[PDB]
Engineer: 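Before I ask anything, let me first share the structure, which is written out below as structure tokens.
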Amino acid sequence: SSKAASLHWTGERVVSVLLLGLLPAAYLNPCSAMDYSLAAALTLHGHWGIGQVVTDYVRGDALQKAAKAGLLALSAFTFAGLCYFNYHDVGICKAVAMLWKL
Amino acid sequence: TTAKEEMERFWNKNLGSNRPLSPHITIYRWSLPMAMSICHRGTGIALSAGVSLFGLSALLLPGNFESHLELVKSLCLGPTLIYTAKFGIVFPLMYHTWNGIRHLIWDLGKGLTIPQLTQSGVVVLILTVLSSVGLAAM
Amino acid sequence: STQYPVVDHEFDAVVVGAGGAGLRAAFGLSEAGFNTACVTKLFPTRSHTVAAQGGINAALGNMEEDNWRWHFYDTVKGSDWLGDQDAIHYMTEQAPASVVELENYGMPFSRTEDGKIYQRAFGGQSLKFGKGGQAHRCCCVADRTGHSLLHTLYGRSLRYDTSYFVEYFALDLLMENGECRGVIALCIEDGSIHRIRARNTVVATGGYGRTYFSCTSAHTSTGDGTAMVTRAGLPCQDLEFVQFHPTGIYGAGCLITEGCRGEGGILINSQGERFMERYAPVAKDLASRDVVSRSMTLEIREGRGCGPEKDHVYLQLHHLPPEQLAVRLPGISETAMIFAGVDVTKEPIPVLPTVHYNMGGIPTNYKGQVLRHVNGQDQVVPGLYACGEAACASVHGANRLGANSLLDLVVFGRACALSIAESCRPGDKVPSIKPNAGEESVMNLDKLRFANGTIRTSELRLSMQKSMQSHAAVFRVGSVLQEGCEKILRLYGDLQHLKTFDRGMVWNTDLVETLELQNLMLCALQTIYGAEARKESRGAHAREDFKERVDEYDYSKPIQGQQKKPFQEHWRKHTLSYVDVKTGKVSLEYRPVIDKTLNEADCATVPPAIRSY
Amino acid sequence: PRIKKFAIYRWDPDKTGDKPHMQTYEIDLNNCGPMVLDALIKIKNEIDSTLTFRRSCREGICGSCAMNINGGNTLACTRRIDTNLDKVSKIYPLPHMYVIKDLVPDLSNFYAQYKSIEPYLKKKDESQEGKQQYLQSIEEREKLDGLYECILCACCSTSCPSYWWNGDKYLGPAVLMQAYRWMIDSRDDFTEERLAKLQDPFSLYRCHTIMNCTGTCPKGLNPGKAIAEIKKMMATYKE
Ligand SMILES: *Cc1cc2c(cc1C)nc1c(=O)[nH]c(=O)nc-1n2C[C@H](O)[C@H](O)[C@H](O)COP(=O)(O)OP(=O)(O)OC[C@H]1O[C@@H](n2cnc3c(N)ncnc32)[C@H](O)[C@@H]1O
Ligand code: HEM
Ligand SMILES: COC1=C(OC)C(=O)C(CC=C(C)C)=C(C)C1=O
Ligand code: SF4
Ligand code: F3S
Ligand code: FES
């Protein structure tokens, strides 16, 4: 049968190592590219993360279903908001930089 | 009777009864690992909240990032506060980062022994502090 | 009464006890297609067989060439000829198939380089009929064979439709006109009463070592099954032959497998002598349990103890490679440390002969059917079987050969299931039951439930244990024995002055431990009485008055010109005991031991010879 | 004279309106055994025989003792009492479980869970079973050491926060490790289907590698280390 649970588990580890290689990468080479992939991994990883906290603590078909739904929203508005920022603004990298020499 | 029917019987019997649940978190002995497990969540949660707040703010609030920064520069920013706030942000990120590396190593199936466990915990804790103070001055 | 509503269940067969024997009997009955119920007062896996460490005997021939017949010989001899040879034939011939069955079920046996079950040396087991040398047929799972045997059997049982009544206390057999109709039990969870009736009942309730003060057995070994048979007016056999195990920590009485000795370890007295070489040259440290302990127990008398009060001895393993004690005796290293605080790899363990196994129990057929004695003849009790330590098919006779009990468990557990499968069909008419069947049991329950007497259950039990410990130990004599009988019959009287405190319906361990006391008493009465009457020395039963092996003939010298003593003139016979539940009066009789095997051509009878290792 | 104080959880199902509470007992350690179970048995036989708890082997291999002693799940019969008369021992039932009475928990779900992984040997061809001993090199056999010694006491599972919150769908350490026991037995032929049974979000994946299970096993075993081995197998088996 399908190995959905197992694949999702691996998926998480993968973006976990990816988001691990990005932080350094983004320091050594700040650029618009980095700011996007950094937004992708940052939001995905976080989406799957809160996901686990939800399935863990929210008991009931009613609630979990909703919770998962509201989580997806927050994630969507989060990735979009970050991409907006990278487009119509400084970009997370330069924002961090700026924010630091302050 | 099957495994499933046995489970159904179990819940039907206990939920509908005056049987109390024995205490847990209130009595179980805290351990470094258990504590560091909690913090991983807490930080992951706090960290995600921050990132979301940065992205949503970028969509609803007016002005560019600079309008926001200059906005803070002219806020009497005390040096022994700009560093504090800068540390508070670096702390949970670093902790979660190092502990996360530890978590990954475990998935490879390494270091899963009580002895090895405490060592790595101490290490992860030390690296946290170092990289935090370190970054709060970069 | 009727304050306890009763629930009526109906099955094809019922098994009381989920130890090795019970478990094997239960799933074997289901595997055969019978709607089987299995009543146990403990979670199956908590059963005593889990504590078993040694191994299970079987002439598989993995270590060297072997012959189950040599296993047969060794066993009948080790019984001091009080063992029924037909049953011993059945057991040793079936052993190989029974052990391979366990391995095929998934038992994680320790392996050899050929990838076969690893077997090892053990107490008095030879080759070529006591001529070919030390044998190696003790199959084992490291040092936790019992634990693994019970778990794999339990696991295997999950595969079938057997209804397991967990944590249910069997009160009495449902008897009707000399025929068994099932059992009546107390559901410990809610205090309710259940009458599980069936066409066949199998009793595999274990032994009753707890009748004593110091024993290797669990707090749950209370002879509850023996007591039921006794309450039905049925006989119990050879209850006097109580096996004292050599190695038992001076402390709590916990056991250190005899496998230690078979693996290489030795026994040492205070002076440092390997006495088990003085009392028995050839077999030495690795001889019959009854002799080896009789030795040590003696050395303590001469004044050669190995600790403060010089009351015990010292088991050694030190000279064995630290790795070997890790691959062969890892289980004893743990408890040796935990209960003694020792590093076996560099120090000998403190052991002392303590009660261990019960050869006596419910009289059985080699097919597991319970026997009663009528006009000096055996008679099968319709719909009633027994197997395991609680049973006395008597394959152990006057003395159990080490590693033969786990075998017994599996073999006769299977035999019971097979005799039922071969004698009837699932769905057959399940016997009627009077609407008041079990009333006596419930009343006795209700009685102790609210007992407002003067003696505390624990107080009484303690009186019985220390009395047995002092009057019926490794050595005995009429004086010491008779004082014990009246001493124990006195305590039996006190069962009416007992005080209980807990009075709820849920988990009344107060009530059950008391019910268990009633059971332990019936067993002690039969043990001490049958012991006083047996004026001879055979196997574990050693009398100072009579250090003789009184047989039909004098098997030392020749036989032909000699005359055969009348049956009631010798002691080569099983003791049958009864007791008036109401007065505690012990009456006893005897029946012959079976000497013929199942087939002279395939396995010859072994005539009584002189006892020696 | 050496008096030791004992605070013990209590609750009578047959005492209308009773509510969980601690009852303290005192015991002269010179008139007692070295283990916690000895104390329990002692206050059971002399002070209050209404004190209920499971026990049997008092040797540490049956698993009947499982209970929380001073914040830790272990075996009362192996955990030696703290001779520090200044400290008062705290005995509670296994964590987050329905109490039937006093120190006695309902382990029905626990057992049921064990049954669901089919803890027995499964061959594709059972037509020849019972006639010959299956072969297994001592190498393949060593892989079971540390797995088969499980006593099923439930200390581990009952110490896992994930089992505390989702014990209904999360199998727990104890069961997971036995499933692993069967997964790596060279003689079993259903490895692939045993892993497939864990393809959902609860059975296995509620484990977040907290490690309390391993940190509390009375037998020094390592459930967590085994849960991780299953996880690796789960992400690399084919079909
Ligand atoms: C004590 C002991 C014995 C032992 C051993 C180690 C120890 C510490 N090591 C052995 C070894 O290495 N090799 C060997 O050949 N024998 C060894 N032994 C002796 C042997 O293990 C025992 O004789 C045997 O295990 C007894 O098995 P059996 O199946 O007959 O009995 P049990 O496991 O003790 O289980 C009793 C069952 O009956 C149920 N029960 C008891 N009373 C009731 C009541 N009243 N109502 C309902 N059920 C009841 C129990 O719950 C249990 O399931
Ligand atoms: C330095 C890079 C990072 C690494 C290596 C990393 C690694 C991990 C790992 C391995 C886990 C799984 C833990 C488990 O098994 O339960 C995890 C969980 C999580 N992470 Fe990260 N992470 C990183 C950065 C971040 C960031 C920046 C955020 C914030 C947006 C975040 C938020 C979370 C959350 C919310 C969880 C869920 C924890 C839970 O299951 O309760 N992580 N991370
Ligand atoms: C991350 O895993 C953990 C939890 O989630 C399952 C907890 O709730 C908790 C509990 C905290 C409060 C006291 C209920 C702990 C300690 C933990 O380690
Ligand atoms: S692993 Fe350890 S704690 Fe968990 S039941 Fe098996 S014995 Fe107990
Ligand atoms: S505590 Fe649990 S969460 Fe995993 S490691 Fe042990 S199963
Ligand atoms: S009673 Fe058996 S393990 Fe503690």
Side-chain angles (χ1 to χ4, degrees), chain C residues 42-43 45-48 50-51 60 62 97 99-101 103-106 108-117 141-142 144 147-148 151-152 155-156 158-159 166 189 218-220 251-252 254-255 331 334-335 338-339 456-459 462 500-510 513, chain D residues 12-15 33-35 38 41 44-46 48-64 78 80 100-102 104 107-108 111 114-115 118-121 123 129-138 140-141 144-145 148-152 181-182 185 187-188 219:
Chain C
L42 300 175
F43 182 65
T45 263
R46 315 304 183 191
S47 284
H48 190 80
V50 185
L60 295 173
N62 283 351
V99 161
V100 173
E101 186 190 302
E103 190 283 323
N104 281 10
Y105 284 165
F109 276 113
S110 299
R111 306 291 173 150
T112 73
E113 186 55 304
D114 281 306
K116 295 173 177 179
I117 294 170
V141 173
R144 287 176 273 265
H147 157 277
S148 181
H151 276 286
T152 80
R156 234 273 164 154
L158 274 356
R159 194 162 180 160
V166 180
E189 205 181 8
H219 291 299
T220 57
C254 290
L255 174 58
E334 290 171 347
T335 120
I338 307 175
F339 287 78
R456 192 174 301 248
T457 310
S458 67
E459 301 184 359
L462 185 51
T500 196
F501 296 84
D502 199 315
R503 286 170 166 51
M505 289 271 66
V506 188
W507 266 75
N508 201 315
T509 50
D510 199 17
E513 272 171 69
Chain D
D12 191 339
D14 301 89
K15 189 178 176 187
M35 308 306 187
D38 296 311
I41 298 299
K44 169 74 174 181
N45 300 331
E46 300 160 9
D48 169 19
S49 45
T50 285
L51 188 59
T52 313
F53 53 98
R54 294 185 168 107
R55 85 286 185 278
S56 185
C57 79
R58 64 74 171 73
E59 175 169 40
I61 52 73
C62 76
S64 301
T78 285
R80 73 189 59 169
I100 291 181
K101 182 178 179 184
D102 284 353
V104 179
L107 301 172
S108 283
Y111 298 138
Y114 180 47
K115 186 174 191 169
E118 297 183 0
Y120 43 81
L121 216 193
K123 281 279 194 184
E129 77 182 304
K131 50 174 57 190
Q132 293 274 64
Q133 64 187 311
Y134 296 151
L135 296 177
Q136 186 182 66
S137 67
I138 117 155
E140 299 165 296
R141 173 65 182 71
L144 302 181
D145 288 337
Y148 87 88
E149 303 98 318
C150 179
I151 301 304
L152 283 181
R181 193 249 94 146
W182 291 108
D185 184 309
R187 303 163 302 169
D188 198 74
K219 299 274 296 185

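Below, read A as the first sequence line, B as the second, and so on, with proteins coming before strands; counting in each chain starts at 1. Hydrogens, waters and symmetry mates are skipped; everything else that's a heavy atom, side chains included, is used.
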Engineer: Can you tell me how far the NZ atom of D:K123 sits from the CG atom of C:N104, to the nearest 0.5 Å?
Structural biologist: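 If we round to the nearest 0.5 Å, D:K123:NZ and C:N104:CG are 8.0 Å apart.
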Engineer: Under 4.0 Å between a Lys/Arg side-chain N and an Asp/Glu carboxylate O for C:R456 and D:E46?
Structural biologist: no
Engineer: Any idea which of C:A142, C:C254, C:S110 has the most non-hydrogen atom pairs under 4.5 angstrom with chain D?
Structural biologist: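 Ranked by heavy-atom pairs under 4.5 Å with chain D, first place is C:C254.
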Engineer: Does a side chain donor of either C:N62 or C:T112 reach within less than 3.5 Å of an acceptor in the other side chain?
Structural biologist: no
Engineer: Contact between D:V104 and D:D102 at the side-chain level, heavy atoms closer than 4.5 Å - yes or no?
Structural biologist: no
Engineer: What part of D:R55 gets within 4.5 angstrom of chain C, counting heavy atoms only: side chain, backbone, both, or neither?
Structural biologist: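 Contact with chain C involves both backbone and side-chain atoms of D:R55.
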Engineer: Got a salt bridge between C:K116 and C:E103, using NZ or NE/NH1/NH2 to carboxylate O under 4.0 Å?
Structural biologist: no
Engineer: Which bit of D:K131 comes within less than 4.5 Å of chain C, counting heavy atoms only: side chain, backbone, both or neither?
Structural biologist: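 Interface part for D:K131: backbone (N, CA, C, O).
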Engineer: Taking every non-hydrogen pair under 4.5 Å, which of C:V506, C:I117, C:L255, C:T220 racks up the most with chain D?
Structural biologist: C:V506
Engineer: Could you have a look at C:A97, C:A252, C:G331 and say which one has the most heavy-atom pairs with chain D under 4.5 angstrom?
Structural biologist: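 The option with the most such pairs is C:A252.
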Engineer: Does some side-chain heavy atom of D:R80 sit less than 4.5 Å from a side-chain heavy atom of C:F339?
Structural biologist: no
Engineer: Could you pull out the closest heavy-atom pair between C:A51 and D:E59, with the gap in Å?
Structural biologist: CB-OE1, 3.8 Å
Engineer: Heavy-atom distance under 4.5 Å to chain D: side chain of C:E459, backbone, both or neither?
Structural biologist: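 No part of C:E459 comes within 4.5 Å of chain D.
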Engineer: Just so I understand: if I count every heavy-atom pair under 4.5 Å between each of D:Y111, D:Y148, D:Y114 and chain C, which residue has the most?
Structural biologist: D:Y111
Engineer: By a 4.5 Å heavy-atom criterion (distance strictly below it), what part of C:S47 contacts chain D: side chain, backbone, both, or neither?
Structural biologist: neither
Engineer: Please flag which part of D:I61 lies under 4.5 Å from any non-hydrogen atom of chain C: side chain, backbone, both or neither.
Structural biologist: both
Engineer: For D:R187, which atoms come within 4.5 Å of any heavy atom of chain C: side chain, backbone, both, or neither?
Structural biologist: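 Side chain of D:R187 only, per the 4.5 Å heavy-atom cut-off to chain C.
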Engineer: Going by side-chain hydrogen bond (donor to acceptor under 3.5 Å, both in side chains), D:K101 matches just one of C:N508, C:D502, C:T509. Which one?
Structural biologist: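 Between D:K101 and the candidates, side-chain hydrogen bond (donor to acceptor under 3.5 Å, both in side chains) is satisfied uniquely by C:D502.
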Engineer: Given heavy-atom pairs under 4.5 angstrom as the criterion, report whether the side chain, backbone, both or neither of C:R46 touches chain D.
Structural biologist: both
Engineer: Given heavy-atom pairs under 4.5 angstrom as the criterion, report whether the side chain, backbone, both or neither of D:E149 touches chain C.
Structural biologist: both
Engineer: Between C:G504, C:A218, C:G115, which residue shows the highest count of heavy-atom pairs closer than 4.5 Å to chain D?
Structural biologist: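 The residue among C:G504, C:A218, C:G115 with the greatest pair count is C:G115.
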Engineer: Are any of the side-chain nitrogens in D:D185 or D:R181 under 4.0 Å away from the carboxylate oxygens of its partner?
Structural biologist: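 Answer for the salt bridge query: yes.
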Engineer: Using heavy-atom distances under 4.5 Å, tell me whether C:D114 contacts chain D through its side chain, its backbone, both, or neither.
Structural biologist: backbone
Engineer: Determine the option with the most heavy-atom pairs under 4.5 angstrom with chain D, choosing from C:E101, C:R503, C:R156.
Structural biologist: C:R156
Engineer: Checking D:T78 now: which residues fulfil side-chain contact (heavy atoms from CB on, under 4.5 Å) with it, not counting sequence neighbours?
Structural biologist: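 Listed in chain order: C:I338, D:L75.
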Engineer: Side chain, backbone, both or neither: which part of D:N45 has an atom under 4.5 Å from a heavy atom of chain C?
Structural biologist: both
Engineer: Does a side-chain heavy-atom distance below 4.5 Å link D:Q133 with C:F109?
Structural biologist: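 No. Closest side-chain heavy atoms not under 4.5 Å.
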Engineer: Among the options D:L144, D:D145, D:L135, pick out the one with the most heavy-atom pairs lying under 4.5 Å from chain C.
Structural biologist: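 Sorted descending by pairs with chain C, the first entry is D:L135.
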Engineer: Is the positively charged end of C:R159 above the ring of C:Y105, judged by distance under 6.0 angstrom from the centroid and angle within 45° of the axis?
Structural biologist: no
Engineer: Please classify the contact of C:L42 with chain D as side chain, backbone, both or neither, using a heavy-atom distance under 4.5 Å.
Structural biologist: side chain
Engineer: Return the option, out of C:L462, C:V141, C:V166, with the maximum number of heavy-atom pairs under 4.5 Å with chain D.
Structural biologist: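 Most pairs with chain D among the choices: C:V141.
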Engineer: Are side-chain heavy atoms of D:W182 and D:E118 found at a separation under 4.5 Å?
Structural biologist: no
Engineer: With C:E189, which residues qualify under side-chain hydrogen bond (donor to acceptor under 3.5 Å, both in side chains), at least two apart?
Structural biologist: B:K13, B:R19
Engineer: Which atoms of C:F43 are under 4.5 Å from chain D, going by heavy atoms: the side chain, the backbone, both sets, or neither?
Structural biologist: side chain
Engineer: With a 4.5 angstrom heavy-atom cut-off, could you sort out which part of D:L51 is near chain C: side chain, backbone, both or neither?
Structural biologist: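 When you check distances to chain C, only backbone atoms of D:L51 fall under 4.5 Å.
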Engineer: With a 4.5 angstrom heavy-atom cut-off, is it the side chain or the backbone of D:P34 that approaches chain C, or both, or neither?
Structural biologist: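 The answer is neither part of D:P34.
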Engineer: Sort C:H48 into side chain, backbone, both or neither according to what part of it lies under 4.5 angstrom from a heavy atom of chain D.
Structural biologist: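 Contact with chain D: none, neither part.
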